[PDB]
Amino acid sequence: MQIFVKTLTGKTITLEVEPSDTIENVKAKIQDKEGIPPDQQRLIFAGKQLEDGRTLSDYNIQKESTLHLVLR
């Protein structure tokens, strides 16, 4: 399913992930299209920072959902 990652600069990134993908996997995919190390980035959704352990299904990320990227 295609999701979105709205950076903190207005830019919106389109990712293709499965509901069974962990956050570490998502951050890995973001690195491929931005070159940003997973350890330099944090993901916020529904008003909560995503743990690198859980998956998308755990945080209940559906199709066409949009995460926000906040560099650290």
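In this text, residue numbers run from 1 along the sequence as written. We call the rigid core whatever largest set of C-alpha positions still superposes within 1.5 Å between the two forms.
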(message) Using the rigid core for superposition, please say which stretch has the greater CA deviation in 6 other deposited structures of this protein, 5-13 or 19-27.
(response) 5-13
(message) Quick check on the record: does 21-29 or 44-52 carry the larger mean Cα temperature factor?
(response) 21-29
(request) Looking at the entry's B-factor column for C-alpha atoms only, identify whether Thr14 ranks in the lowest, middle or highest third of its chain. (result) middle
(request) Sorting the chain's modelled residues by C-alpha B-factor, tell me whether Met1 ends up in the lowest, middle or highest third. (result) highest
